[PDB]
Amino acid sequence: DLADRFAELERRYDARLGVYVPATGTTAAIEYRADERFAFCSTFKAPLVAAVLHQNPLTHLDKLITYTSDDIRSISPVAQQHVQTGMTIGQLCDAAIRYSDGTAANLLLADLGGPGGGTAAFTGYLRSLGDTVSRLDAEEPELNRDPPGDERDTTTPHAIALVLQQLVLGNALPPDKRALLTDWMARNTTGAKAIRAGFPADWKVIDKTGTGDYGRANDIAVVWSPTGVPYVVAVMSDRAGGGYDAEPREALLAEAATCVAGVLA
């Protein structure tokens, strides 16, 4: 069965694998280690943008944010190009999701404001969606670095799937902000080898990936069948057995997603 497929993938990749797909009209929830904690890595950037959208009028997206050299401390493919000019909140949201830009995320966290450079408020945003499990404690790059087992900067496949479900499919956001978030994840540039790879081309996939140390590789997605039936798919992984420098293996996510897709088809 499916649990056997997932266990096989764990042995193949020397990995710990977590999978959650919420129940629908006709499908039971898919769950595998779904309540085990895994580091968010960059997956937090999608609900982070939702937080910022929720907190402000739509035109806050047009506010220019300035920053400098010492703000670039993590992988930030877009923010490094615009340090001289600044970036609007909208551009930061775009970059945080579509290029997994870490400086954009740190700046959005600061925009949210409050203790921990915005991490407490981010966590508070998840609480407001009924997620009593996830916690964000650090920003980029530190959040990728907690030792395996440490609960700091973690969510679960179950928790994050329910969060994303509310953000994209549910009414956590008004339709106009919901569409912005959805469109950004739809135009994501980093996810081609993750959940996207496991679903047939005629399925729509929007997603946000994350990788980190200890072979961490995650992807959270919403997918739509060719007849418009949506499913939320959370797949999380680490390879603690390889130590800090263990390589993230997105192939594992692709294979797990392929196994999920075979069940949902």
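Residue numbers run from 1 along the displayed sequence.
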Report summary line: For 83-91 versus 165-173, entry-based mean Cα B-factors point to 83-91
Query raised in the report: For the C-alpha atoms alone, is the average B factor greater in 178-186 or in 152-160, going by the entry?
Result: 178-186
Query raised in the report: Between 206, 233, 61, 201, which one tops the list for C-alpha B-factor in the PDB entry?
Result: 201
**Report entry** Candidate set 217, 39, 229, 222 [ranked by C-alpha B-factor, highest]
**Finding:** 229
Requested in this report: Going by the recorded CA B-factors, say which third of the chain residue 17 sits in, lowest, middle or highest.
Outcome: highest
Report task. Could you look up the Cα B-factor of residue 35 in the entry and say which third of the chain it sits in: lowest, middle or highest? Result -> lowest
Requested in this report: Among all modelled residues of this chain, ranked by Cα B factor, put residue 139 in the bottom, middle or top third, i.e. lowest, middle or highest.
Outcome: highest
Query raised in the report: With respect to C-alpha B-factor, does residue 192 fall in the lowest, middle or highest third of the chain as deposited?
Result: highest
Query - B-factor third for the C-alpha atom of residue 132 within its chain - result: highest
